[PDB]
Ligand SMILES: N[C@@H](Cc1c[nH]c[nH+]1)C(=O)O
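Here's a solo chain for you in structure tokens, the form deposited without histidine.
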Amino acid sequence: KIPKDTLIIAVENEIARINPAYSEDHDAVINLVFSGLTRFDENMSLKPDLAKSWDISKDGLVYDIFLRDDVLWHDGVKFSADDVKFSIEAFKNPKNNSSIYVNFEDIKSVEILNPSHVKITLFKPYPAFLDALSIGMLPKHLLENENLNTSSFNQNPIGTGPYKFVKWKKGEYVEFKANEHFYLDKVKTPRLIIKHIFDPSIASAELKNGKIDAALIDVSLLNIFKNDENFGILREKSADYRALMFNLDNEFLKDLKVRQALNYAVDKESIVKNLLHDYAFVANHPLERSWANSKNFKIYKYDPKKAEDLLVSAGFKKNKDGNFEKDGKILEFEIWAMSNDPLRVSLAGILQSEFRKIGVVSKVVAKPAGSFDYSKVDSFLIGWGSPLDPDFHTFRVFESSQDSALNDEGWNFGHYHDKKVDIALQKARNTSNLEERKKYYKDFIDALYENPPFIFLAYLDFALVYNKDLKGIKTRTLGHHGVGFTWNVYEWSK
């Protein structure tokens, strides 16, 4: 009953501003309206998008970007070097409060040599730069005199992407129309609706009842569509992983042996199998979807006895209640989770149970997001992982100068300080040479094993469930919560 020329896709989240300047991760709506200088194919291979080609100096400081001259903004205005320079400076301007600001801060200058040639010079080498340039470009002719934060542009976007903004019903959906002059390919389905559906049960119901054509469906609900020949299920790998973040300021979690013991205490395989229904994989480190993966790293296997042996080695002894105690101090700490994240709450609970089995006392604290400071709790059920360059969620997450206590923009919330990690990551992000970067990311991975900031738990798979009439859907490695599953929607047809 959904028309053939119409495509209706449910997403969990609704953004406030349809603007790449304010995009968190790979946002579905923004990447429909906008395109960047670069893009990624089904193998997450970096590909030309708005940029035709590029040359990079040997020092890695100068990027000569050659642009397509056949690209139109949705309003018909031609896309040019003027837009690239404007956009980069918009992201770079602190007044814009851009989510993108940090990724562009080692940009020194942007030169417009001709309308199809931009020269970008960097203070220091930035191998992830071509990845960061996958961010959507902004139209200068519409925004040069606007307040980016508040402009009505954010509710009436114009981009170079495969779909044109048509209509926004706030809280419900965004309607799109195919960009008839899309430069990559001809957009197949003329009408696109992105429906906001946060509840997993509701999305599955709407899907089952033919209200939507496609959605990510929680693994728990999959049997609804399994063996239903009216629907296909595409199993999608993601770089999104869950972990217990240790706060190294904690008197117990400070100890290396305690953190190792807690890792050994967790039966991750059972979690993946039972909680996650084998729709996930055991995680050991944060680059298991990256080329940077050493694939030859030590692992903390489930070994309750080893865990206890470690705790004895740190001078803990089980007491009358069966709980490890040292000098009259019980080994006890809080495990915090966002109350609106059912999987993380579940993992917090499971961790607590695992810690009980080996005499470690823990208290689960589940609170709404934004109601507490998770850099100030003993431990935190956290999510990380990018399918993009290995630098993106490593340096900012693990490097010591990114300690959120020392750095406002740091994501090292557990205040982890390891020098082997620091130097490895610093070197890994100082060259573009592939084998060298791998060497340092291996050192990084090895250093993490030696000094665990986390308990890595599981990498997540996501289920794209679609009406069987849908064709042309491709899978690629997804981001946080499966973002990027609509990456080739312009090739989707009925």
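All residue numbers are counted from 1 along the displayed sequence. C-alpha atoms forming the largest set that superposes within 1.5 Å between two forms make up the rigid core.
The form solved in complex with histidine exists for this protein as well; it is not shown, and the discussion that follows is about that form.
Judged against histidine in the bound PDB entry with a 4.5 angstroms heavy atom cut-off, the residues 188, 466 and 494 are out of contact without exception. For the options 438, 26, 39, 68, the one in contact with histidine in the bound PDB entry, meaning a heavy atom within 4.5 Å, is 26.
Residue 381 is the only one of 81, 203, 381, 258 with a heavy atom lying within 4.5 Å of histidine in the bound PDB entry. Within this chain, residue 287 is remote from the site of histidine in the bound PDB entry, having no heavy atom within 4.5 Å.
Proximity of residue 476 to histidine in the bound PDB entry: non-hydrogen atoms within 4.5 Å are absent; the residue sits far from the partner.
Among residues of the shown chain, residue 374 is one whose heavy atoms approach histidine to within 4.5 Å in the bound PDB entry. Within this chain, residue 396 is remote from the site of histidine in the bound PDB entry, having no heavy atom within 4.5 Å. Segments offered: 337-345, 210-218, 264-272, 122-130. Contacting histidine in the bound PDB entry at heavy atom distances within 4.5 Å is 337-345. Of the residues 217, 133, 207, 335, just one CA atom moves 2 angstroms or more between this form and the one not shown under rigid-core superposition; it belongs to 335. After superposition on the rigid core, displacement of the C-alpha of residue 412 between this form and the one not shown amounts to 2 Å or more.
Once both forms are fitted on their rigid core, the CA atom of residue 451 lies 2 Å or more apart between this form and the one not shown. Residue displacement note: residue 164 has its CA displaced by under 2 Å between this form and the one not shown (rigid core superposed).
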